[PDB]
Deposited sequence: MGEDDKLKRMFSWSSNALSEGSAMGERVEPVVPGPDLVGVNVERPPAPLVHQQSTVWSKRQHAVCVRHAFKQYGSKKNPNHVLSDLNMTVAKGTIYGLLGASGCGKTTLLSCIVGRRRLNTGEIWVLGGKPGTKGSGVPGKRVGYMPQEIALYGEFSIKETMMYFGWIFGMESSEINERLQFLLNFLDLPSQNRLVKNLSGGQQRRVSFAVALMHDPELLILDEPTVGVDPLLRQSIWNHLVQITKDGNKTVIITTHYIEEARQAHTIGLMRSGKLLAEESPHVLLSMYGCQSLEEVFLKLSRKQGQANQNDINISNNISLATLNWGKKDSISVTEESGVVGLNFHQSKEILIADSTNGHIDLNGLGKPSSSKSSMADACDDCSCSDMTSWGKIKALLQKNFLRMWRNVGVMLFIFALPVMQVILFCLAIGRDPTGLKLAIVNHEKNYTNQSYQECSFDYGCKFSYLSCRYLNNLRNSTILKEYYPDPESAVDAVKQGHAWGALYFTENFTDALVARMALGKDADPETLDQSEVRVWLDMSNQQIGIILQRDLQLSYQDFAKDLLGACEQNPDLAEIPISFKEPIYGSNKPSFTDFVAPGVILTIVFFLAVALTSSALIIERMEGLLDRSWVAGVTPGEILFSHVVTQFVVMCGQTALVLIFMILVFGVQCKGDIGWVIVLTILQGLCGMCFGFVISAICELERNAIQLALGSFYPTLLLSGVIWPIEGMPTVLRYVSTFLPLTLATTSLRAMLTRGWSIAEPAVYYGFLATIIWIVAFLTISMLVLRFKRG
């Protein structure tokens, strides 16, 4: 007996809306015959076929297919001994017909010599175009013909065809039925055809009519016609009551990316462009700021000329052009106005960032202030000071202008004394800053954000790749077709991890080369542990794509959940601002987030050179390991009940 289903029962949904898809179903399929299964809808037959192949399980009843229970190692129901043609075209695009044949033959263990003979025979028999034509370039009928040829290549002892000829040319239909008759006759082969056609399954040696989840009758066609006395079948029906699989899967995964230029540009040319733009735009010091200078010790000539001239040695000739000489040249441009009212007006518009206004007696009052110290009259204290009106609406620019205007006075003051043979240490505030313990006196903001950009690119470009791949592959029956072919779920998962591991290693090479070698972001720590931490974040990101793909069933719902969690964690992990800004209550919560302790750990490796032994460094390695385990437990728990 090819198949024996006895007292099959099946339920769907919850108790609120029970669905008795199968109820007390009996079925028998002998060896060497064709068994047509004609049903009204398209659900009971598909559910029965899924129970036969082993995908589903019966609530009550018994099944004996090919010798033993489906998928129990007592028989080879999922494997080379069965031939499956799904209702949908569960084929791979971007695959030539020859490549599809090779992939499935390797999955079935066929040698490459016989695959070519079978391919040539099937191409000659099924009226198909050249083997090199990609499947995505074919029409619906040719795609269905290729899907039918896939189920015939390994010569199984049980064929399960789901509407094999729905719109096939009538001559081709006749040839197909003749071939099925030839292979099934006087042999061990069996065919089980499921169709909505009532009038095509006349050549089936036994017909089973489905209704209300049970077989109304099951007899030979002409026997049914004679016994019920009807001219055609419709009148009778019109009654009022293991390394070869992994190698095959590895060459499929990499070839599914090479034929998508959009995918390669998104996961290999976007990080390179993102890193280039970040290192050129973020963190650098502003370097074009303009200042309106009103020097009343010199005559006004132009808005771009002042003839600031003085004597370098001594005698303190001007001291207003001498201060402006020490001003830093890279970030401040000098503009000249003849009136403090005319210079403040420029600031009130977008023509300057500040005003200076040296008074006409700046020199005399400044010398009389240093010489007569600790008892200077209020008149001197008012005529010897520079009056700066600043535009402090921008925080970072206001910081630079205040820093560069007070720092230039220190150099100016260290030049006045020292040119008259005095020590320059007399012009220093008692608060003296010694050599920094870490870093330097001129830090950069792009060194603070660089650790956060590296981890965010790797983490969230693996959530996108895994969720998209495992969802579009599951929705078109590609996973269910290869499961019947004999590919265990462990082998499906192993190949995805290896493929994703290699991809994330290429991204790590590109991101770290451009950040460090080209744009000169310092790495004072161990380069070996930076590579390990970046990769561990990629695996943690990949494990989050398992959660998303186990919850969401549509692409549009997965991207909302991926983007709905990428934004909040970016603003709480301290990538673009120090973690010390948040309140104490909000600082506790942010620590437990996936990327918070990993960004802190990477920032200490690069900016301070700390090793793995430091508590602040290995806390970012233990935090990723916990989240890898947590993301796997949640994903496994979701699949348990759903």
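Residues of the deposited sequence lacking C-alpha coordinates fall in the stretches 1-61, 303-389, 791-792, numbered from 1.
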